[PDB]
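Protein chains in written order, with PDB author numbering: chain E, 2 to 195; chain D, 2 to 190; chain E', 2 to 195; chain D', 2 to 190. A prime marks a further copy of an entry chain. C-beta: ideal position from N, C-alpha, C; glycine also.
4 protein chains.
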Amino acid sequence: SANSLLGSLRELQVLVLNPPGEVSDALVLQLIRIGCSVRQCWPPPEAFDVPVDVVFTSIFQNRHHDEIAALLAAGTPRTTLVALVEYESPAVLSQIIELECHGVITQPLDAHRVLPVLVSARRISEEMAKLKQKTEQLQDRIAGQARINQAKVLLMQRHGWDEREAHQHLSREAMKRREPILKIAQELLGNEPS
Amino acid sequence: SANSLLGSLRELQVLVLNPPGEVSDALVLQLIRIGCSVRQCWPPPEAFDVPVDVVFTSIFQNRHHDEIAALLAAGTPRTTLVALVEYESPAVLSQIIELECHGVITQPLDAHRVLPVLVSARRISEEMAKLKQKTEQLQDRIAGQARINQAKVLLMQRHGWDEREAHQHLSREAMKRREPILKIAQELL
Amino acid sequence: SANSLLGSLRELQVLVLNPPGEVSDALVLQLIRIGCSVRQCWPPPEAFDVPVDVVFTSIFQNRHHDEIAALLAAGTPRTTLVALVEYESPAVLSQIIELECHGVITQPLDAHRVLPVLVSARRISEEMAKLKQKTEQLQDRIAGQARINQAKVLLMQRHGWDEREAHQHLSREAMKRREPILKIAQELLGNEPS
Amino acid sequence: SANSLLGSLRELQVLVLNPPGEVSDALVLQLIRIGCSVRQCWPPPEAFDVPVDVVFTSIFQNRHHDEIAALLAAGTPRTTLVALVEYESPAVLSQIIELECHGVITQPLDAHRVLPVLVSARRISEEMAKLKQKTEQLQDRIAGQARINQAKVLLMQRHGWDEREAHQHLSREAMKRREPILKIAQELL
Numbered sequence: 002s003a004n005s006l007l008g009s010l011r012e013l014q015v016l017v018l019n020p021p022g023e024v025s026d027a028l029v030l031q032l033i034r035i036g037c038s039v040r041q042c043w044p045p046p047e048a049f050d051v052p053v054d055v056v057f058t059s060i061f062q063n064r065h066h067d068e069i070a071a072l073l074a075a076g077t078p079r080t081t082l083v084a085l086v087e088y089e090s091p092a093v094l095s096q097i098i099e100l101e102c103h104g105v106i107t108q109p110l111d112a113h114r115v116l117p118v119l120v121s122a123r124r125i126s127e128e129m130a131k132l133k134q135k136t137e138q139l140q141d142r143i144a145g146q147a148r149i150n151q152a153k154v155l156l157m158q159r160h161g162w163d164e165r166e167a168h169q170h171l172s173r174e175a176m177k178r179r180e181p182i183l184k185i186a187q188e189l190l191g192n193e194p195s
Numbered sequence: 002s003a004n005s006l007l008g009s010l011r012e013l014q015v016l017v018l019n020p021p022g023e024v025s026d027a028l029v030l031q032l033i034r035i036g037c038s039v040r041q042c043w044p045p046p047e048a049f050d051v052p053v054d055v056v057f058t059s060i061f062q063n064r065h066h067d068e069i070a071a072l073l074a075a076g077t078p079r080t081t082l083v084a085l086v087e088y089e090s091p092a093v094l095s096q097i098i099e100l101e102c103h104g105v106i107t108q109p110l111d112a113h114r115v116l117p118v119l120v121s122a123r124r125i126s127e128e129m130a131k132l133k134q135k136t137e138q139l140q141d142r143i144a145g146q147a148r149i150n151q152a153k154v155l156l157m158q159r160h161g162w163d164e165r166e167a168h169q170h171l172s173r174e175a176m177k178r179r180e181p182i183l184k185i186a187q188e189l190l
Numbered sequence: 002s003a004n005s006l007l008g009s010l011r012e013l014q015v016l017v018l019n020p021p022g023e024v025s026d027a028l029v030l031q032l033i034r035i036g037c038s039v040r041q042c043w044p045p046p047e048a049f050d051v052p053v054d055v056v057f058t059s060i061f062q063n064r065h066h067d068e069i070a071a072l073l074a075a076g077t078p079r080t081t082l083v084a085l086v087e088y089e090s091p092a093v094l095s096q097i098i099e100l101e102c103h104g105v106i107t108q109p110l111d112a113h114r115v116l117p118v119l120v121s122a123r124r125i126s127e128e129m130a131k132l133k134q135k136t137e138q139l140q141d142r143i144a145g146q147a148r149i150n151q152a153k154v155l156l157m158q159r160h161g162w163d164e165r166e167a168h169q170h171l172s173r174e175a176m177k178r179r180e181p182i183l184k185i186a187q188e189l190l191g192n193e194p195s
Numbered sequence: 002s003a004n005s006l007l008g009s010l011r012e013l014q015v016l017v018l019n020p021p022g023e024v025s026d027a028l029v030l031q032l033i034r035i036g037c038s039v040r041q042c043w044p045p046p047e048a049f050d051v052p053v054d055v056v057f058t059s060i061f062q063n064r065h066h067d068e069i070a071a072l073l074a075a076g077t078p079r080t081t082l083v084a085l086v087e088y089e090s091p092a093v094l095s096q097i098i099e100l101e102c103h104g105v106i107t108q109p110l111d112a113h114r115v116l117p118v119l120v121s122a123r124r125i126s127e128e129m130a131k132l133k134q135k136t137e138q139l140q141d142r143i144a145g146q147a148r149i150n151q152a153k154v155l156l157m158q159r160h161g162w163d164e165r166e167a168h169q170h171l172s173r174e175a176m177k178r179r180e181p182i183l184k185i186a187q188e189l190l
């Protein structure tokens, strides 16, 4: 919701992943005026040790590129990403595309750019993440039905059972073992197969 | 794809849906320097007329908001949306959220802010459209797989055939009647 | 080899999975005359607690069917299986087909049937198992190259790297971690994918 | 498949490659009761003449062994092989092993021993032929996959295309020149 998105900003945990300096100070102070919980962080760590909702990062061409790209790829699925951009040139815009930013702030930044990009980027990252998840849920379901299907067919052949028997066995085995019916299929299976 | 995205900016058809004036002017001039096909329109129409890939608009507290909203609600979902924003207060921001922009440019606008926002917003809208397309494909696929599997069990059990035999038969009839395996399967069911 | 097959018989561990009685006695005593290490076993266990090379089993239609079919499906890939057959009828021959026997002895058995079927069934199970294994090795290789291929493409996109860079990274990461290069891909990967 | 295997026994073409006499006679009579098409031949020929699905032979210490061996070495691999055996001693058994029988019947033969051995041996030879066929398919597949992947990297890197784009291009040209994706890929390489 517009009101639930606007009302949740003060609970967001924000990280400013940028070398300490004027850009970083202003950015952190505006986020503190908005009311977000904020922290700056330089050199790029390997992993974040504390939960993070939104990351603000600069775009590097040296060794910090691969560090930032690896760290951010490790993050949680609803991590909002905003890029601090200083160039509109191909190598720089390609990196923003590759990082999958949800919003951009062009430099030099000032206080006025912050909130509109933050809210905006946050509805985008929330929508995208729900869409992605649904895709993943469908993929998972497709693969899982395939595996259960091939374990049933495996049981039919092995035992001379029809489908009902095969299905009955899997369920009974799954039900009384406290393991999903897909677990039994996988434990049964191992055709080194599909 | 970052490369193809950048390489296709000059074929984008961009509409500046905003009142005539300095803001529209400066925005249209920077979209022509970037190289996009750019038109400007005002008052908001009811349907586009010509295909539009990206719309830039402002946030109005009046009837153009609803017009613009309806205009893009009915429009092609791959139309990227960028809002020019001058206030950070809750009713204005709620308007941005309800329009579901793919990117924003806070005012006052200047040329440096345009290209980075147009590209990041375009990636965003295209990635959304792709996930929705994958969702439909996967929904259809799960359903298809089920009927191919229930039809296979049907043949297996009807004829005393193994899975492989049922699969060979489906494929054979399918590819002899120039139709999808799924059609054969649904015919059987 | 003919001579290596014939010379290895005395090291085979044979199980007679059949109710105790005359059939079982004669069968065990002939296997002891051949010189195999032999044991009889009834009711069908859930798993064999000791290594087994060759199983001799009878063909049941009651509850012992599903027990024997489950136990034998659990066995090791070079387990030779010989069926003791009393009927030539469809339900009985279908079960022998479903169990994947390597040889059959028609009842009533006598000492003369044993060695020729044992040797014969054993060259068959050795050939089949090598053929199966090769199939599995190819399947494994296909899937593994696919996964490495999709992790490289994942790295290309993420980092803006070409294929050489992507390949270099995987190898370096795999090499210095003491984990196959396919392990890195799988740990990297997780598209919930192919 | 146990069901289809049993149901197709009456179409099998069985050859009793053994000297005329009581043994051949009794074996041919039991294969006709089972319902197979059955012929008897003796002395072993050099090539079959007519398609043969299953051969029953005995173990000879003389030149028919080599003749029979060569006869089946050159023959269709799906030809099931069953040996009639009367000795359990090492030279006779070595002969069985070297011929690579799919089943044996120890003598004296009687009708009860035939059908169970014919079926188990037929399953065996068919399963062997299938694993060999899968092995070739998989060898071809691994090779194919590689060239589709090296061609894709080639397009990716040539044009600044992502994997998906490279895949769409291969598929499109492929399915516009009515040829395998692999041919397009190898043309590129």
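Exposed or buried, which one is residue i when buried takes at least 16 other CB atoms within 10 Å?
i, result
"E'/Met129", "buried"
"E'/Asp50", "exposed"
"D/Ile69", "buried"
"E'/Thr81", "buried"
"D'/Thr77", "exposed"
"E'/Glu99", "buried"
"E/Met176", "exposed"
"D'/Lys153", "buried"
"D/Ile33", "exposed"
"D'/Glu164", "buried"
"D/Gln169", "exposed"
"D'/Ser9", "exposed"
"E'/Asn150", "buried"
"D'/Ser126", "buried"
"E/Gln31", "buried"
"E'/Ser25", "buried"
"D'/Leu190", "exposed"
Residues of chain D with CB closer than 8 Å to the CB of residue i, please, in chain order.
i, result
"E/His113", "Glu89, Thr107"
"D'/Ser2", "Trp162, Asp163, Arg165, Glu166"
"D'/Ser9", "Correct list: empty, because the minimum Cβ distance to chain D is about 12 Å."
"E/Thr136", "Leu132, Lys135, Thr136, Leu139"
List, in order along the chain, the chain E' residues whose C-beta lies closer than 7 Å to that of residue i?
i, result
"E/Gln96", "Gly161"
"D'/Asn150", "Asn150"
"D'/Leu116", "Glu89"
In the DSSP output, what is residue i paired with across the bridge?
i, result
"D'/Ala112", "Answer is none; D'/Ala112 lacks a bridge partner."
"E'/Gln31", "In the DSSP output, where bridge partners are listed per residue, E'/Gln31 has none listed."
"E'/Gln14", "E'/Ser38"
"E'/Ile106", "E'/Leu85"
Would residue i pass as a contact of residue j if the rule is Cβ separation under 8 Å?
i, j, result
"D/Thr107", "E/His113", "yes"
"D'/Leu13", "D'/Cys42", "no"
"E/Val83", "E/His66", "no"
"D'/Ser5", "D/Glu166", "yes"
"D'/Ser121", "E'/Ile185", "no"
"E'/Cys37", "E'/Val56", "no"
"E'/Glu193", "E/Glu137", "yes"
"E/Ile182", "E/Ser195", "no"
Can you name the residues of chain D whose CB is closer than 7 Å to the CB of residue i?
i, result
"D'/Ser5", "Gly161, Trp162, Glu166"
In chain D', which residues lie less than 9 Å from residue i when you measure between Cβ atoms?
i, result
"E'/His103", "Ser121, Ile125"
"E'/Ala147", "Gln146, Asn150"
"E'/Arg142", "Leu139, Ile143"
What residues from chain D crowd round residue i, counting only those whose CB sits closer than 9 Å?
i, result
"E/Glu23", "Neighbours of E/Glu23 on chain D: none; closest Cβ ~18 Å, over 9 Å."
What does residue i touch in chain D' if you count any residue whose Cβ is under 7 Å from its own?
i, result
"E'/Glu99", "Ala3"
"E'/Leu171", "Within chain D', no residue comes near E'/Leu171; the closest Cβ sits about 14 Å away, beyond 7 Å."
Mind pulling the chain E' residues with CB within less than 8 Å of residue i?
i, result
"D'/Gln158", "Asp163, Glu164"
Going along chain E', which residues have a C-beta under 9 Å from residue i?
i, result
"D'/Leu18", "Under the 9 Å cutoff, chain E' gives no residues; its nearest Cβ is about 18 Å from D'/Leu18."
Please compile the residues from chain E whose C-beta is within a distance smaller than 9 Å of the C-beta of residue i.
i, result
"D/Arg79", "Result: empty, since nearest Cβ-Cβ is about 14 Å, beyond 9 Å."
Anything in chain E within Cβ reach of residue i, meaning under 8 Å, just list it in chain order.
i, result
"D/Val55", "Chain E residues near D/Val55: none, gap ~15 Å exceeds 8 Å."
Q: Counting only runs of 3+ residues fully inside the region 40–95 of chain E, write out the beta strand (DSSP E) ranges in chain order.
A: 55–59, 81–86
Q: Pick out the complete alpha helix (DSSP H) segments inside the region 115–160 of chain D, 4 residues or longer, and give them in chain order.
A: 115–160
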